[PDB]
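Visitor:
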C-alpha cells in the first residue's frame, strides 16, 4: 500500500525500488502580454527517478518541444512522465527492473499504472511522506544540465556522490532529504551553508561538496537549525 | 396470458413477481400467479419470513415452457421446475383457477414499467450469464458472486457478466495509453460493442439484467456491473446518438423504480456524479439527470 513513517526502512532493503517525482516535468514562467493578458512560457524540465538504496538517479530531461501544439499540458505532463518511466523500465535488463515504483504525488498513479500494464508484477505505490524532491532543481549541476538541453536527454548521476563508501543507505537518504528540505524552505541560506568555505570543493563527478565526516556533522546541524527557524517564521511560533 | 402454479406454500414467505409482491402465510392456500404477460422475461423471487437474508428467485419466459414452484423441505427453499406433460399442467392450472387460489399479475394497463426495465433482456442471454443448461429458467440470489469478483470461488454458481476493467490491456491500446484511458470510445465501440456484444441491444440487455439483479436480490457484484456499463458509455466521447437517447430512458425507469430507502448502497456516488456532471455525456441524460436531482439530491 502507501508508504509512510511506519514502513520507512523498506526503502533500504534489497528489493529494487524507484521513487518517481514529476513536480519539475512541466515548468513555466508567467508573464504579461502586450495587450495585458497573462501567458505562460515553458522551460525545460525533468523527471526525477531515484533508487534510494543505491543513489542512482535517472534524470530524464523534458525539452520544451514536447509541449508544442498540445493542450491541457499539466495533465499531459503526468502521462509523459509515465510514458518515460515505462520506457526506462523497458530499457533496463530484467534483473535491474524495479519491483516497486513509489510516486511522490498520487495524481501519477493512474498514468503510471496504465503505462505499466505490461509489468503486472511491478507494484505502483503512493506515499504519505512529504518528500522534498521538488528542490532537485536547486542542485546546481542538475539545474544546469536541464536548462542547457537542446533535445530530450537522459543524464545519470549518483545523488549520494561517494557517501555509501562510508555510511549506509538509510543515513545517506536522511542526509539527502535533509539537504533538500533545507534547499526547499530557504534556498539562499541552504546554498550559503554548503559553499561558505571555499576550500571545500565539489568534485567534477559529484553534486555536493567533499565534506569530511566531522564537517558533515556541522553541515547537517546547520541545515536542521535553518529548517526549524523557517518554521517559527512561517507560523509565528 | 400465462400461469405459474405453486404446489403449496408451507413456509411464511414474501413472494415477488417482477416489481409486485405479496405476503403469504405459513400453509396459506396459495397456488400460483396467473395472467402473466406473455412477451417479456419475468422473475419470481422469494424472501422467507425467518431469514431476511438470502433473497432468491428464478428468471423465466413462459414461451419456453410450463413452469411451476414447489417447496423443497430438504434444501429449504421454493424451487422452480418444468412440467413436460402439457396436459397434466393445464389440468393443474385450470383446477386452481376454478378454486380461485391464484393471484393475478396486477398490471395496470397504462403502465409500461416492466417493459421499460426489460426492453433488451432476452432469456437466451440470461442463460449465458447464469449457466445451468438443464433448466430453461435461471436461479439468482443475494450471495452469488460474479466472474470478475472471483478473479480478485465456485464457478458453477457464478454470474458470468462480461468483464469490464478500465485499467487492462483490453481497454488500452499500446501507444494510445492516455487517449484510450481518458476517452473509452475505442473500448466501448470496437472492443465491447462490435467485438463482444455485437450490438447495442445485447449490451443494454446485460446492463438491464445486472440492475434488476441488484435491485431484486441486492446482489452486490451485479450493482458493480451495472455501474461499470453505465460508466463505460458516459466516459466515451463518441457514442451513437441512438444509444444515448435509449440509455437516458433505460436509466430513467431504473432510477424511477428503485426503492427510495436503498439509494445508499445501490447507487455509486462517484459514478453518477461523474456521469451526470463531469463526463462527455453529462448533457445527454436529461431525463435521468432530472429524476436523480428531484429524488436523490443528497447523493449528488
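Chains as they are written, first to last, in the entry's author numbering: chain A, 1833 to 2069; chain B, 1 to 152, 170 to 317. Just so you know, even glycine gets a beta-carbon here, dropped at the ideal spot from N, CA and C.
Measuring alpha carbon to alpha carbon, tell me which residue in 227(B), 268(B), 261(B), 77(B) is nearest residue 55(B).
Guide: Checking every option, the nearest Cα to that of residue 55(B) belongs to 77(B).
Visitor: Have a look at residue 73(B) and residue 276(B) and give me their C-alpha separation to the nearest angstrom.
Guide: Going from the Cα of residue 73(B) to the Cα of residue 276(B) covers about 32 Å.
Visitor: Go to residue 1843(A), then tell me how far its beta strand (DSSP E) extends in each direction, as first and last residue.
Guide: Careful: residue 1843(A) lies outside any beta strand (DSSP E) and carries neither H nor E.
Visitor: Cβ closer than 7 Å: which chain A residues qualify as neighbours of residue 186(B)?
Guide: Within chain A, the residues near residue 186(B) are 1949.
Visitor: Going by DSSP in three states, residue 178(B) sits in which element: helix, strand or coil?
Guide: The answer is coil: DSSP assigns residue 178(B) none of H, G, I, E or B.
Visitor: Using a Cβ cut-off of 7 Å, pull out every chain B residue sitting near residue 1946(A), in sequence order please.
Guide: Within chain B, the residues near residue 1946(A) are 184, 189, 194, 198.
Visitor: Roughly how many whole angstroms lie between the Cα atoms of residue 2004(A) and residue 197(B)?
Guide: C-alpha separation (whole angstroms): 41 Å.
Visitor: Among residues of its own chain, excluding the 5 on either side of residue 309(B), which ones have a beta-carbon nearer than 7 Å to its beta-carbon?
Guide: Once the five neighbours on either side are set aside, the close Cβ partners of residue 309(B) are 272, 289, 293, 317.
Visitor: Spatial neighbours of residue 137(B) within its chain, please: CB distance less than 7 Å, with the 5 preceding and 5 following residues excluded, ordered by chain position.
Guide: 58, 59, 60, 67, 80.
Visitor: Would you mind telling me which residues of chain B sit closer than 7 Å to residue 1899(A), beta carbon to beta carbon, in chain order?
Guide: Chain B residues near residue 1899(A): none, gap ~14 Å exceeds 7 Å.
Visitor: Using the beta-carbon count (16 or more within 10 Å), is residue 244(B) buried or exposed?
Guide: Burial call: buried.
Visitor: Excluding the 5 residues preceding and the 5 following residue 23(B) in the sequence, name in chain order all residues of the same chain whose CB lies nearer than 7 Å to its CB.
Guide: So the qualifying residues of the chain are 14.
Visitor: Using the rule of at least 16 other Cβ atoms within 10 Å of the residue's Cβ for burial, across every protein chain shown, is residue 1943(A) buried or exposed?
Guide: Burial call: buried.
Visitor: Tell me whether the stretch 257-272 of chain B and the stretch 175-188 of chain B touch, counting them as touching only if at least three CB pairs, one residue from each stretch, are closer than 8 Å.
Guide: In short, these stretches do not touch, since the Cβ pair count stays below three.
Visitor: Only counting the same chain, and skipping five residues up and downstream in sequence, which positions put a Cβ closer than 8 Å to that of residue 2025(A)?
Guide: Once the five neighbours on either side are set aside, the close Cβ partners of residue 2025(A) are 2014, 2051, 2054, 2055, 2058.
Visitor: Assess contact between the stretch 1971-1982 of chain A and the stretch 1930-1945 of chain A, defined as three or more Cβ pairs (one per stretch) separated by less than 8 Å. Is contact present?
Guide: These segments do not touch.
Visitor: Let's see if you can read the secondary structure: which residues bound the alpha helix (DSSP H) around residue 2051(A)?
Guide: That run of the alpha helix (DSSP H) goes 2045-2067.
Visitor: With distance defined between alpha-carbon atoms, name the residue in 1860(A), 1985(A), 1838(A) nearest to residue 1872(A).
Guide: It is 1860(A) whose Cα lies nearest to the Cα of residue 1872(A).
Visitor: List the endpoints of the continuous alpha helix (DSSP H) containing residue 2011(A).
Guide: 2001-2017 is the span of the alpha helix (DSSP H), which, as asked, contains residue 2011(A).
Visitor: Looking at the secondary structure, which residues open and close the alpha helix (DSSP H) in which residue 67(B) lies?
Guide: It is not in any alpha helix (DSSP H) - residue 67(B) instead sits in the beta strand (DSSP E) that spans 67-72.
Visitor: Under the three-state reduction of DSSP, which class applies to residue 98(B): helix, strand or coil?
Guide: It is helical.
Visitor: Looking at chain B, is there any beta carbon in it that lies within less than 9 Å of the beta carbon of residue 1939(A)?
Guide: No, residue 1939(A) does not count as interfacial toward chain B.
Visitor: Provide the residue span of the alpha helix (DSSP H) that contains residue 1921(A), from first to last.
Guide: Unbroken alpha helix (DSSP H) run through residue 1921(A): 1905-1923.
Visitor: Check the DSSP bridge columns for residue 1957(A) and list the partner residues they point to.
Guide: In the DSSP output, where bridge partners are listed per residue, residue 1957(A) has 1934(A).
Visitor: Select from 1875(A), 1976(A), 1881(A) the residue whose C-alpha is nearest the C-alpha of residue 1900(A).
Guide: It is 1875(A).
Visitor: From what residue to what residue does the alpha helix (DSSP H) around residue 147(B) run?
Guide: Run containing residue 147(B): 147-151, per the alpha helix (DSSP H) assignment.
Visitor: Is it buried or exposed for residue 2037(A), if we count other Cβ within 10 angstroms and need 16 for buried?
Guide: It is exposed - the Cβ of residue 2037(A) has fewer than 16 other Cβ atoms within 10 Å.
Visitor: Please report the residue range of the beta strand (DSSP E) in which residue 1986(A) lies.
Guide: 1985-1990 is the extent of the beta strand (DSSP E) around residue 1986(A).
Visitor: On the CB-based measure, 16 or more other CB atoms within 10 Å of its CB, does residue 1(B) come out buried or exposed?
Guide: Its Cβ having fewer than 16 others within 10 Å, residue 1(B) is exposed.
Visitor: At a Cβ threshold of 9 Å, is residue 1826(A) touching chain B?
Guide: Any answer about residue 1826(A) is impossible in this case: the structure gives chain A only from 1833 up to 2069.
Visitor: Could you check what DSSP says for residue 245(B) in three-state terms: helix, strand or coil?
Guide: Of the three classes helix, strand and coil, the one that applies to residue 245(B) here is helix, per DSSP.
Visitor: Could you tell me which residues DSSP pairs with residue 251(B) in its beta bridges?
Guide: According to DSSP, which records beta bridges pairwise, residue 251(B) is partnered with nothing at all.
Visitor: How many angstroms separate the CA atom of residue 34(B) from the CA atom of residue 239(B)?
Guide: About 29 Å.
Visitor: Going by C-alpha distance, which of 2008(A), 1994(A), 2063(A) is nearest residue 2044(A)?
Guide: Per the Cα distances, 1994(A).
Visitor: Between which two residues does the beta strand (DSSP E) harbouring residue 1850(A) extend?
Guide: Residues 1849-1853.
Visitor: Specify whether the stretch 123-130 of chain B and the stretch 223-231 of chain B touch according to this definition: at least 3 beta carbon pairs, one from each stretch, less than 8 Å apart.
Guide: Judged by Cβ distances under 8 Å, the stretch 123-130 of chain B makes contact with the stretch 223-231 of chain B, as three or more pairs qualify.
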